[PDB]
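Engineer: pasting the structure only:
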Ligand SMILES: O=C(O)CNC(=O)C(=O)O
Ligand SMILES: [Mg+2]
Ligand code: NI
Ligand SMILES: [Zn+2]
């Protein structure tokens, strides 16, 4: 068995190996990358996502989200308070202001300490889930707006044609902006490209140990757990590395820098935070190995998790027994 300790693996594909996305995902898994739940891919030195980022300030963040925390430093929830629209130019200015800017620090480790110590006492503003792409249309390799669709993968594997589309999303972040512990919708893969700015730190639980994380979460968030059998689908719960270690939960951590891809694998729980002003782009995707995870994915039916149009068909074809109840939650 490749990568038995489930370490996060880092790949350095050549420009030749960067041509065929599917084949490279398959190669990574042949080396055991999926066991970690997360991998880093450093693109070849010849490659670029686009020529410059000099002209992005007029993108609109229609609904910036203020992330308000409750709980204790290592075990908290966050809710998202809607703010008035602002442009990326205005957001970058806000990120850099004295109130919101990254504090002086020695290194990534010092900054990680300061994040877990102090995150709960601030409410950073996140420009999340903005439909769109920053990849130049002429970028042919690993262009997140030109991947094969999850609807075509399901059709190719299973023979059934379904409605739905699959497009990327942009994330504008600042210091302390936070992504809660989650897996992807329908336990899909994700890919995330850090286009510009300051780093993003990630934590991940191996897919084979996901249920250990869920069991801890039910103990740490007991009211949430009673309210819904899959409350991590709400994307609001945070548990620190210190707390995970104290409870024997297997995990790994890695920091992503501008110009690097991350891939999360089916049923790999992940969480993390931004170091300062940045811009990431991400999309879900599927492979043949995903299908079995799709069929077994938990679902939120309490009504909070409210998800895309395109998830309907996945639940309808892969989870016909669940479909009724899950759709009652959606409607
Ligand atoms: O970048 C973020 O805020 C969150 N991203 C992810 O959870 C992902 O790419 O799967
Ligand atoms: Mg612009
Ligand atoms: Ni994710
Ligand atoms: Zn729920």
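Structural biologist: Nice, I can see it. Residues are numbered from 1 along each chain as shown. Ligands and ions are numbered 1, 2, ... in the order given.
Engineer: Name the residues of the stretch 201-331 of the chain found near ligand 4, please.
Structural biologist: 228, 300, 302, 304 (Cβ under 5 Å from the ion). For the C-beta atoms, the positions are set from N, CA and C on the backbone; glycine is no exception.
Engineer: Return the closest of the residues you listed with respect to ligand 2.
Structural biologist: residue 304 (33.5 Å; Cβ to the ion).
Engineer: show me the contacts for whichever residue of the stretch 51-200 of the chain sits closest to ligand 2.
Structural biologist: Nearest residue of the stretch 51-200 of the chain to ligand 2: residue 58, at 3.1 Å (Cβ to the ion). Residue 58 makes contacts with 87-89, as judged by Cβ atoms under 8 Å, 6 or more residues apart in numbering.
Engineer: circling back to that earlier point, filter the residues of the stretch 201-331 of the chain next to ligand 4 down to the buried ones, ChimeraX style.
Structural biologist: Per 16 or more other Cβ atoms under 10 Å, the buried members of those correspond to this ChimeraX selection:
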select :228,300,304
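Engineer: show me which of the residues of the stretch 201-331 of the chain next to ligand 4 neighbour ligand 2.
Structural biologist: Okay, of those, nothing touches ligand 2 (Cβ under 5 Å from the ion).
Engineer: now, among the residues of the stretch 201-331 of the chain next to ligand 4, which is nearest to residue 276?
Structural biologist: Closest to residue 276 out of these is residue 304 (30.4 Å), distances taken as Cβ to Cβ.
Engineer: The closest one belongs to a strand?
Structural biologist: No - counting by DSSP: H, G, I helix; E, B strand; the rest coil, residue 304 falls outside a strand, being coil.
Engineer: Quick check: it touching residue 232?
Structural biologist: No - applying Cβ atoms under 8 Å, one finds residue 304 not in contact with residue 232, separated by 11.1 Å.
Engineer: residues contacting residue 155?
Structural biologist: So residue 155 contacts 161-162 (Cβ under 8 Å, 6+ apart).
Engineer: pretty sure it belongs to a helix, no?
Structural biologist: Yes - secondary structure of residue 155 (three-state DSSP): part of a helix.
Engineer: what about the helix or strand hosting residue 78 and ligand 1, touching?
Structural biologist: Using DSSP states H and E, the element containing residue 78 is strand 75-82. No - applying Cβ under 6 Å from any ligand atom, one finds strand 75-82 separated from ligand 1 by no less than 12.2 Å.
Engineer: Distance from that strand to the middle of the chain?
Structural biologist: Taking Cα atoms, centre = their mean, to the nearest Å, one finds the center of strand 75-82 at 17 Å from the center of the full chain.
Engineer: That strand pairs with which strands, and in what direction?
Structural biologist: Neighbouring strands of strand 75-82 in its sheet, by DSSP bridges, are strand 65-72 (antiparallel), strand 237-239 (antiparallel).
Engineer: buried residues in it?
Structural biologist: By neighbour count on 16+ other Cβ under 10 Å, the buried set for strand 75-82 is 75-78, 80.
Engineer: Output those as TSV; include the columns distance to ligand 4.
Structural biologist: As requested, these are arranged in TSV below (distance: Cβ to the ion, whole Å):
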residue	distance to ligand 4
75	19
76	18
77	13
78	16
80	16
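Engineer: got the contact list for the closest residue to ligand 4 within the stretch 101-250 of the chain?
Structural biologist: Nearest residue of the stretch 101-250 of the chain to ligand 4, counting by Cβ to the ion: residue 228, 3.2 Å away. Counting by Cβ under 8 Å, 6+ apart, residue 228 makes contact with 234, 300-302, 304.
Engineer: Thank you, goodbye.
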